[PDB]
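A quick write-up on the structure given underneath.
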Amino acid sequence: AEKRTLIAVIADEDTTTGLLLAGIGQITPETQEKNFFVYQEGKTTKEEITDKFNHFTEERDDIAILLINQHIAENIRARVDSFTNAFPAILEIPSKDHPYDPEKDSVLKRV
Amino acid sequence: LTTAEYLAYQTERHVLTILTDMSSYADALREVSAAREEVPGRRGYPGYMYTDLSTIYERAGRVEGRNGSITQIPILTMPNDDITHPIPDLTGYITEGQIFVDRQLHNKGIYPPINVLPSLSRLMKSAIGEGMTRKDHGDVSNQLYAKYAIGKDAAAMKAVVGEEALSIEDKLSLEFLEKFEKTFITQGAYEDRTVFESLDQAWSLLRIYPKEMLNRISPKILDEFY
Amino acid sequence: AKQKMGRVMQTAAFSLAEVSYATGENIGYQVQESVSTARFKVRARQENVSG
């Protein structure tokens, strides 16, 4: 929708820093919410990552494209599979030192 | 038909009988049959309508010793715009072709409102030849029929999958359909188009296609007439 | 586009690592601090492909 104008980033620290340098993600002052939240495997937990992804997909209506790390998506594979709705889109970008896995991609799995 | 038989066979001239409202003739048959105690048949018409129509139609035809012919244009009037009616069914059984006048064409102001998809002449291959007409007649007619069917398909397809997504063979076919219905089929009531002029118009319509697209036409005729 | 994404993310990660090495510190904290507004936005367009 036209309301969804943002690029959510839930990838690793390096990928989150790169996205922030690009300017895709930001923290809304009035809403006290960050479009791009830095999260790693050690940081927070799998349940916290899944909750953040669900909030970005549904609660964060402004989010249009979601960028999640492949390592992060591995622990959130169930959430990725459950996110069958086209909007917001999900991109299976991988983190540092981890090659992208076509099999692990949820969108490519439908093929 | 007695006048036609006389002229054609005892005078050696071609006739072309044009009967009109054979539906009215069948209604008269119904009235005559029920004047007797005959029980009505399938749709009220007598059971021997097949025999009566067969006599009236097959009164025509060429013969051996006589250099004369009788042609028939029965011209029915389909009651409920259906072919399953006994009059069109029997007329199609005895006769040797169909020419269909379409309400869809008539409501668009196209005269004559004849649609060439249901209409056919089973004996066309004999009439359209090389010594007769011009040698491209049959292939031109087949190509026109194929491209008109493609035009109807593309006209239905445009409102489903958008104009842009249509292929080149669909967009050019839509253009051909428009030009065909509005210029070829659409004929002035008093405009006399000889077969050669009509074939030239048909070639003019077909020329919008590159020579590679016209596939039902034989290569020699395509190379010579295009 | 998946192959292009793989190569582009590889080169972007390499460039980010080079920039971090040149700066001598992780700029992620500074980027997160300067996240008041987003300079990049995406607007949906109703492209009509086929029907």
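Naming scheme: A, B, ... for chains in displayed order of the structure tokens; residues 1 onward per chain; ligands 1 onward as shown.
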Near chain C, meaning an atom within 10 Å, which residues of chain B appear when counting only C-alpha atoms? Write them as a compact mmCIF listing (two decimals) with N, CA and C atoms, in the first residue's frame.
```txt
# COMPACT_ATOMS: atom_id res chain seq x y z
N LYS B 158 -8.94 -9.10 -25.35
CA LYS B 158 -8.44 -7.78 -24.96
C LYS B 158 -9.03 -7.34 -23.63
N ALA B 159 -10.34 -7.53 -23.44
CA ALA B 159 -10.97 -7.13 -22.20
C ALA B 159 -10.63 -8.05 -21.04
N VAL B 160 -9.90 -9.13 -21.29
CA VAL B 160 -9.47 -10.05 -20.24
C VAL B 160 -8.03 -9.81 -19.84
N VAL B 161 -7.13 -9.67 -20.82
CA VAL B 161 -5.71 -9.57 -20.52
C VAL B 161 -5.11 -8.27 -21.06
N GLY B 162 -5.92 -7.23 -21.18
CA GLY B 162 -5.39 -5.94 -21.58
C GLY B 162 -4.97 -5.87 -23.03
N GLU B 163 -5.00 -4.66 -23.61
CA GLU B 163 -4.60 -4.50 -25.00
C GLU B 163 -3.11 -4.73 -25.18
N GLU B 164 -2.29 -4.25 -24.23
CA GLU B 164 -0.84 -4.30 -24.40
C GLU B 164 -0.33 -5.73 -24.40
N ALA B 165 -0.86 -6.58 -23.53
CA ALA B 165 -0.34 -7.94 -23.40
C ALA B 165 -0.67 -8.82 -24.60
N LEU B 166 -1.53 -8.36 -25.51
CA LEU B 166 -1.81 -9.12 -26.72
C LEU B 166 -0.57 -9.20 -27.60
```
**OP:** For chain C, work out the contacting residues on chain A at 9 Å, counting only C-alpha atoms, and write them as JSON, numbers by chain.
**Re:** {"A": [1, 2, 3, 4, 5, 6, 7, 13, 14, 15, 16, 17, 18, 20, 21, 22, 23, 24, 25, 26, 27, 28, 29, 34, 35, 36, 37, 38, 64, 65, 93, 94, 95, 96, 99, 100, 102]}
I need the chosen residues saved as an mmCIF file, in the first residue's frame, with C-alpha atoms.
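Final output, part-v5.cif:
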```
data_model
loop_
_atom_site.group_PDB
_atom_site.id
_atom_site.type_symbol
_atom_site.label_atom_id
_atom_site.label_comp_id
_atom_site.auth_asym_id
_atom_site.auth_seq_id
_atom_site.Cartn_x
_atom_site.Cartn_y
_atom_site.Cartn_z
ATOM 1 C CA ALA A 1 0.000 0.000 0.000
ATOM 2 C CA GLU A 2 0.976 3.659 -0.313
ATOM 3 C CA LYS A 3 1.109 3.955 3.486
ATOM 4 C CA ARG A 4 3.903 1.358 3.696
ATOM 5 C CA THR A 5 6.983 3.453 2.840
ATOM 6 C CA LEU A 6 10.038 2.021 4.628
ATOM 7 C CA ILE A 7 12.658 -0.728 4.387
ATOM 8 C CA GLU A 13 25.101 -5.783 13.049
ATOM 9 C CA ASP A 14 27.234 -5.181 9.950
ATOM 10 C CA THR A 15 24.228 -5.438 7.625
ATOM 11 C CA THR A 16 22.208 -3.153 9.909
ATOM 12 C CA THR A 17 25.035 -0.601 9.867
ATOM 13 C CA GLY A 18 25.192 -0.796 6.074
ATOM 14 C CA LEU A 20 21.555 2.653 8.166
ATOM 15 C CA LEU A 21 24.379 4.183 6.120
ATOM 16 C CA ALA A 22 22.201 3.707 3.038
ATOM 17 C CA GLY A 23 19.441 5.480 4.963
ATOM 18 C CA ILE A 24 16.739 2.842 4.498
ATOM 19 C CA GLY A 25 16.109 2.387 8.220
ATOM 20 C CA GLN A 26 15.448 5.001 10.894
ATOM 21 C CA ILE A 27 13.971 5.497 14.359
ATOM 22 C CA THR A 28 10.762 7.516 14.486
ATOM 23 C CA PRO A 29 11.003 10.084 17.316
ATOM 24 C CA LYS A 34 13.057 1.992 14.910
ATOM 25 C CA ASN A 35 12.443 0.774 11.366
ATOM 26 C CA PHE A 36 15.875 -0.911 11.344
ATOM 27 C CA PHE A 37 16.652 -2.768 14.581
ATOM 28 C CA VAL A 38 20.092 -4.336 14.996
ATOM 29 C CA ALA A 64 7.242 -2.301 2.937
ATOM 30 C CA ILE A 65 10.365 -4.445 2.411
ATOM 31 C CA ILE A 93 19.786 -11.425 2.533
ATOM 32 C CA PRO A 94 22.569 -13.322 4.354
ATOM 33 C CA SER A 95 24.858 -12.017 7.093
ATOM 34 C CA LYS A 96 28.641 -11.687 7.075
ATOM 35 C CA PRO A 99 26.739 -17.492 2.025
ATOM 36 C CA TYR A 100 23.143 -17.126 0.918
ATOM 37 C CA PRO A 102 18.649 -20.717 -1.963
#
```
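Atom to atom, atom CA of residue B:109 and atom CA of residue B:20 stand 22.5 Å apart.
Minimum atom-to-atom distances from A:70, A:80, A:86, A:33 to residue A:50 were compared using only C-alpha atoms, and the lowest value belongs to A:80.
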**OP:** Tell me which protein, DNA and RNA residues are within 7 Å of residue A:68, counting only C-alpha atoms, leaving out same-chain ones fewer than 6 positions away, and put them as a PyMOL selection string.
**Re:** chain A and resi 9-11+91-93
Filtered DSSP result for chain A, state strand (DSSP E or B), as a CSV table (one decimal) with C-alpha atoms, in the first residue's frame:
```csv
chain,number,residue,atom,x,y,z
A,7,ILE,CA,12.7,-0.7,4.4
A,8,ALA,CA,12.8,-2.8,7.6
A,9,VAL,CA,16.2,-4.3,8.5
A,27,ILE,CA,14.0,5.5,14.4
A,28,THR,CA,10.8,7.5,14.5
A,33,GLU,CA,10.1,2.9,17.1
A,34,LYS,CA,13.1,2.0,14.9
A,36,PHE,CA,15.9,-0.9,11.3
A,65,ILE,CA,10.4,-4.4,2.4
A,66,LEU,CA,11.8,-6.5,5.3
A,67,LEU,CA,15.6,-7.4,5.2
A,89,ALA,CA,8.0,-8.4,1.2
A,90,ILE,CA,10.7,-10.5,2.8
A,91,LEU,CA,14.3,-10.6,1.5
```
Original post:
Any idea what's packed within 10 Å of residue B:195, counting only C-alpha atoms, ignoring anything in its chain fewer than 4 positions away? Could you give it as a list in words?
Top reply: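 Within the cut-off, the hits are residues 133, 134, 137, 199, 200 and 201 of chain B.
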**OP:** Could you please determine the separation between atom CA of residue A:30 and atom CA of residue A:79 in Å, to one decimal place?
**Re:**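 Taking atom CA of residue A:30 and atom CA of residue A:79, their separation equals 28.5 Å.
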